[PDB]
Each structure stands twice: as C-alpha cells, then as structure tokens.
Ligand SMILES: Nc1ncnc2c1ncn2[C@@H]1O[C@H](COP(=O)(O)OP(=O)(O)OP(=O)(O)O)[C@@H](O)[C@H]1O
Ligand SMILES: [Mg+2]
C-alpha cells in the first residue's frame, strides 16, 4: 500500500465511464435536497470539532499562525497552540462551557496581544489585558505581543542603580 | 493534487470490518 | 568445487518507511527472521527485532543519519554473529567484533552466533576449582570458583573496575606458572564507557602484559 | 459459510475490507466489474468536490452522508457488491478509506492473474535468443504457475549476466558480482590455510 | 524550485513537520523557512514516513503557518570556525550576536560529527 | 441535533431512578461525555436522553 | 566558552569582564583575542539550547 502504488491512482485507469457520467447528473440534485442539514463549509474560518478540558480542537483555520489569538463566536479568546494537519488545538482563555462543537472560530490575525502604553497605568486588567476594574476600556494604549524574546547579551548592561524597597532588612 | 485529502484515512471504529461484513455478505446471490 | 556448486541467492529487499532515533521501520522483508542482520544500502547494518504484520522494526547498528525514507534495506540471511577464536586475543573489538585498535582484520578467527542457548543441567559439573582474583579481601572472604558468576555491585567510584582489572592482571601472573590446560583467558566488555577510559585500560593491559 | 480464499494475506482495516470485497466479488465473478467501478469512484472524487466533502468533512451528518450516497448509486447498473460497500463506508464515515481499498484491491487482483512484474538489468541490450534463455532462468524464480512479464534495462557496471528485480526480491546472477563473490571466497580461504 | 522545497505541514511548539514533495532531506540537515520574521532554521530530526520530516526549530515558531515554504540547505548547521571567530560571540547557528560585523571564517564546519576513533585517543595524565 | 453545552444537565428517559447526567466534554462526532449523578446500572445504549 | 542555557546577564558579565581583561580585544586587534563565546542562554527556545 505504498505511495508509489497510491500515486498511480492520480492518473485515470477506468476506461469505462458508465457510472461517472450517471452520478454526475444526479449528485447536484442529491445535495440540493440536503442543504438545511449542511453547515456551511469552512476553510479560513474554523469550526469546533471537540471542546473539553479547556482545549478546543478546531477544524479549518487554514492560515492561522502558530500561537495567535483566535476568537470563538461566544466572544472567548483562544490561542492556536498546535497546528496539526487536520485540526488546530486551541487553548481557551476563559470558560470552556460556553464553547460547543460546531461553533465558528474566527481568526484575529495576530499573535497574542495585550494593550500596553501609558493608559494601562492605573487599571486592573485580567490575564489578557481586558480591564476588570469597571471604569471603562483601556484608552491611550496599543497592542504588544506577550511572548517577546528577551534582549540578548549585547542589548544589556550591568546593574548599577539601586531599587529601593523601603523594607529595612532588604535594602540593608 | 486534488485527491490528496483522501490519501490518509482514520476511522471512528476499530471494528469497521464487522460492520462492512454485515452489508457485503448479503449482497451475494 | 565452489564454482560447480554455485547459485547466487535471491536477496529479499525492503523499503525504509520511516527512520529516526536509530530505529528504521521497514516495509517488506517478508522472509526476514527475528533477530536477523539486515543491511541498509547506506552500508550501515541493522537487526530486525520486532516483526510486525505491516512493517519490520530495525534497530540500526550505527548512525541513522545516512538512512532515508525509501532506502533499500537487504536482508543478510543470518542471525547476528561475531568472530570467535584465538585471533581475538590481544585485540580491541567493537560491539559486533569488528576491531577498532587499528591492527588490521581479525586473523585466525571464526564467526559464531551471539545468542546461544546456555548449557543445560546435563552439560554442567560442580564448580570446584578456584579462580584467584589476587585481591585478598576477595580470595579469603568471598572466594570465586571457575564457572561462577559473581556480581561486583557498588556506587560510582568505589573500586568495581579495580576488582575486575586485578582479576585480569592476576591471570597473566598465574598463566606463566601453570600448565597450558589451566590458563584463564580474560574478556573485558566495556559497555557505555568513555573511549578514553577504554584506551587507558588497554594501555594498562599492554604495560602489564595482560 | 464458505468464501473463496484470497490470494494474498494483507494488513488491516483498509486492506482487510479489500480482501472481503475481493471475496464477494470472486464468488459473483465480478472481479473486474467491481474493480473499474472503484476506478470510476476514484475519478468521481477528483471532479466533484461535494462528493469528497462526504469523506473529509466531519460536520456532514451521517444521515445526510448515507442518503446522498444511496440515492446517487441507485441506478447505472452498479454491482450489488459496490452499492452495498459504499453505503457501508458511508455509515461509518470511512469513505476516505477508498483510495487505500483500491490499492489493496489491485494487489489481490494482480495475484489472481498470477502476472508478476519484473525488471531485468543486463550489460548490453539482448538478442532474441538472450531473451528466450533468460525467461527459462527467471520462471524458476517464481514458485508457482506464475508468468513474468519483463522490463529490460542496461548497465555496463555489470560485466554480463543479469539482475532480475521483482520489487520485493532481487537475484543477481550477473558476473560482476560473481567476480566479487569469487574474490572474497579466495580471500577468505588463503587466510584459512 | 518545486521539489526540494517543502512546506510546513504541522507546528507543535518547537517541533515542525515539513512535507517534501520529492527528495527528502537527510536527518540532521538544516532547513530554512521562507517568510519568517527572523531567520528560522530547522534541523531535521526524523523522517516521519509519508514524505514528511520532523524537525526542530532553532528559533521561535510563533508565526508559522501550515503552508510555509521551507528550503533545504543540503547540509547540517554549519558554523564559522577558525581564528577569525576568536573574540566574537556566536549563537547556535553561528550568527554573530555581538554587533561586531560578520565573522570572517577559515572554514564553515558542520556542527555534527562523530567522536574521534579509538586509535585517536591519547592516554596521558 | 445541537449538542448540550458543557456542564448542562441531561435526564435519561425511562429508568428506575431519576438519572441525571452532567455534560463534561464534547467528544466530537456529535457525542458528549457525561458524568452520572446516580447509578448507571440498567442503562441501555440508545436510551433517550433529554437535554434540560 | 559555550554558554548553554544559563543567564544572559552572566553572558554579558563574562563578555564585558573579558574585554577589560584583554582576553577579548575589539576592533582591529580582534585577532589577538584568546576566547570565543558561543551563547545559547535560557531565553532561547529548546531547539537552540539543545544544539548550542
Ligand atoms: N584498591 C584500591 N586502592 C587504592 N585506590 C583505589 C583502589 N581501587 C580504586 N581506587 C581508586 O579509586 C578510584 C575509583 O576506582 P574505579 O575506577 O575502579 O571505581 P569504579 O567502581 O570503576 O567507578 P566508575 O566505574 O563508577 O567510575 C580510581 O581512581 C582508583 O584509582
Ligand atoms: Mg568503572
């Protein structure tokens, strides 16, 4: 059953078309009577195959980046951890009880972001940068990746200045 | 290649032939 | 007589399905034996260990970097063997008997299987004659007869090799004094050690004469 | 019951359906009506994307997937072996097993016309008598009432003789290896004297 | 340009699978990924079996898409060696990370080789 | 049809004691996995299960 | 000095202290250096730390 024997099945080798021509005129009438039972097909969007343990398996999402924010139609964010050949395993930033099998997964097009800036100063945010202090959205702010690589050897210098704790045992 | 979606099958049943044999055997005259 | 009795064997082939971590899964090789030497077309050998219904699992005697997907692996027809005989004395061989001391091929030697059935009840006799270790903590308290397996167990750097090396060195001192029939020929198998540690031992064994 | 013996013993769960498909098509003498009906369906998946959506898309309901397949195959004289197979593969969502059944249906079919393929590599191209003396060598390398076809290639790295390649074994009665098998025999024997 | 240029088939953290349409790279070969934000080389670890190699990323894989073109360099990771590399800082793939310009090299040796043989050892203390 | 949400309650139709299942995960292929709040002895494959 | 998976602060400390020691010379006197540094420190992904 090797691929040398399977890629011979690319080229046609039937030499008798009495069933190709028959069902090609009955297939499209057959599919047309079952259209309210088809979910619309999904290629660049996603559809949830399995959800449970706080991990969703998402069919589709043909052009997700590894480790980017996906958005379920429930409004929950996820992060595409492993892109597999057939599905995408996302980890759900929130409660997985609101994600169902069959739900649309939308792509945000960005690796996982938080709002950074001067306007995030003062605020109580959650693990994803969404504010929970109740005093509005974050303004005067911009998105930055949460998995930046640390600066290398040549981007650093020695530690020279003191950070005063105010704790007497510590700063002594 | 447009047939490359079907090259690798995976099944929902370990006992798939025990269902296939219950439909192919009564196709015999 | 060789040429008048000569047909070349059919060589059964196999394709490498997948390869990695020193294991090659092989399609085909339908007449390979369990525990048989195979030969990859990269020159590296292998041993067919688990013969599954769809593939053969082959452990690779060497570096698996030269094996690709779809490489041709041929069976050799033979269970794994090594050269035995007196021509192995004095030589440093590798795990399959090929000499690594750089002194040419093993002359005066004969290939025998490495997995032999151990001698049974009717082939034994009582262990009665002593093997002198030369280590007097051993030969007084825990003495060793000829035909007896004795464990040297301990932690690291507690002197387990030194008990073993002194058994080998002492046999050289005893072999110069006994008749030819009762002389002890040592074999030291060094598994998983450094190559520097092994080159220090053949330096000691050459200097002692062992 | 009593089914015919399949010529080959194969692997599982897609090669195991194909040897059952071969056995009910050997009972009904439909071993080549079922084979090209497989070959039509291989071509049917290439042209219709909604027919191969019934094999890859996991969100197609199983009541849809078995009713599109049955209502499309109800006519055009398909074998009852075929339209029972295809509703069985659509019941379980195993319609994507069909490239792998067709490959194993071929190997059972080619071992039923004992036709075994070959490749003979020689040094220079053959005579018409060098062809006839060679099959007399080569049908003693197939162990039944099998027929060899042949495929003739050349290699002057061989010094005469031939190499027969059967895609699962080769036999090298070329004299280029008979030199090396001679030399290593006398390079072993002068070291034994 | 079509064959010996595979595509990213699946990404699981540091481990990438690339599918090559023909002529798989050897195990320990280096593979460059085209279109990444940084230079991402992948060292081939395994041949998975269906024209797929399993390889290890020498940098981060956040950003890899499942169709991304992967070229094979036909050799392992080859780093600059010599007296020109003295006083420089290199990373895993031999790039200078000290901002002192390119490393002039006597040779570019692959980072994979065997041990010295048993005849090559020196027993002196 | 549509699956119950995770942590939804399911009641098994026709059983000696009221058997309540709580949906633990969506397994795929239109199956949910449930943990029972009572004994599952006497439960038959194909018994009707109502989503609350 | 192969730094495999250790602190990047320590890579900067050794590099700077080798420049003031004259073990590493920068600029046109680079050839009079005695040490070359290879660094795969603990911020690297596990493929880079497995090969450095
Ligand atoms: N009887 C002894 N008298 C003095 N020194 C000894 C003796 N035995 C061993 N040593 C010293 O102790 C060290 C450990 O010995 P040895 O190498 O034999 O231990 P080992 O059990 O082989 O350890 P490992 O194989 O774990 O390295 C050696 O350097 C040896 O020089
Ligand atoms: Mg030791």
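Taken together, the values in this text are just the output of simple stated rules run on the coordinates, not laboratory data. For neighbour counting, all protein chains shown are included, and Cβ atoms are generated from backbone atoms with ideal geometry for every residue, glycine included.
What the table below lists for this structure:
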| item | result |
| --- | --- |
| Fewest-first sequence of G:18, F:37 by Cβ atoms within 10 Å of each Cβ | F:37, G:18 |
| Estimated FRET transfer efficiency when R0 is 45 angstrom, pair residue D:8-residue E:71 (beta carbons, to 0.05) | 0.60 |
| Degrees separating the helix D:62-72 axis from the principal Cα axis of chain D, which is the longest one | 80 |
| Chain D: angle of helix D:175-189 to the longest principal axis, Cα-based, in degrees nearest 10 | 60 |
| Volume per residue of the C-alpha convex hull in the protein assembly as shown, rounded to whole Å³ | 340 |
| Spacing of the two label points (7 Å from each Cα toward its C-beta) at residue D:32 and residue C:78, in nm | 4.8 |
| Sorted by Cβ neighbour density within 10 Å, fewest at the top, the residues A:15, D:174, A:74 | A:15, A:74, D:174 |
| Reduced Cα scattering model of chain A, Debye log10 I(q)/I(0), q = 0.19 Å⁻¹ | -1.20 |
| Förster radius 45 Å - calculated FRET efficiency between residue D:193 and residue C:162, Cβ distance, rounded to 0.05 | 0.55 |
| Taking all pairs of distinct alpha-carbon atoms in the stretch D:104-181, Kirkwood radius in angstrom | 13.3 |
| Antiparallel bridge percentage (DSSP; both residues within the protein assembly as shown; nearest 5) | 95 |
| Beta bridges by DSSP in chain D, antiparallel share as percent, to the nearest 5 | 55 |
| P(r), alpha carbons of the stretch C:161-210 - 10 Å bins starting at zero, rounded % | 23, 53, 20, 4 |
| Separation between Cα centres of the stretch G:10-28 and the stretch D:136-193, rounded to whole Å | 66 |
| Three semi-axes of the equivalent ellipsoid, chain D, Cα gyration tensor, whole Å, largest first | 48, 18, 17 |
| Helix axis angle, D:33-47 relative to chain D longest principal axis, alpha carbon, degrees | 70 |
| Rg and Dmax of chain C, Cα atoms only, in Å | 21.7, 64 |
| Shielding by partners, peptide G:33-41 (average Cβ within 10 angstrom, other chains) | 6 |
| Using distinct alpha-carbon pairs, which all enter the 1/r mean, Kirkwood radius of the stretch A:60-105 in Å | 10.7 |
| Inter-centroid distance (Cα atoms) of the stretch A:65-122 relative to the stretch D:24-55, Å | 42 |
| Two-site label geometry, residue F:31 and residue C:144: point separation in nm, points 7 Å out along Cα→Cβ | 6.0 |
| Chain G: translational diffusion in µm²/s, Stokes-Einstein, Kirkwood Rh over Cα pairs, 20 °C, 1.002 mPa s | 183 |
| Footprinting exposure proxy for D:22, C:2 (fewest neighbouring C-beta atoms within 10 Å first) | C:2, D:22 |
| Partner chain coverage, peptide A:145-156 - average Cβ within 10 angstrom | 6 |
| Fraction of beta bridges assigned by DSSP in the stretch D:113-193 that are antiparallel (%, nearest 5) | 55 |
| Helix-derived mean residue ellipticity, 222 nm - over chain C, DSSP H n ≥ 4, -39500 (n - 2.57), to 500 | -5500 deg cm²/dmol |
| Cα pair distances exceeding 20 angstrom across chain E, given as percent | 51 |
| Efficiency of FRET from Cβ geometry, residue C:96 and residue E:21, R₀ 45 Å, rounded to 0.05 | 0.75 |
| Viscosity 0.692 mPa s, temperature 37 °C, Stokes-Einstein D of the stretch C:10-87 from Kirkwood C-alpha radius, µm²/s | 267 |
| Pair residue A:126, residue D:74: separation of 7 Å Cα→Cβ label points (nm) | 5.2 |
| Values of log10 I(q)/I(0), in the order q = 0.17, 0.19 Å⁻¹, for chain F under a Debye, Cα-only, solvent-free model | -0.47, -0.59 |
| All-pairs alpha carbon distance profile, the stretch D:1-112, 5 Å steps from 0, percent | 2, 12, 24, 25, 19, 11, 6, 2, 0 |
| Per-residue average of Cβ from other chains inside 10 Å of C:93-105 | 1 |
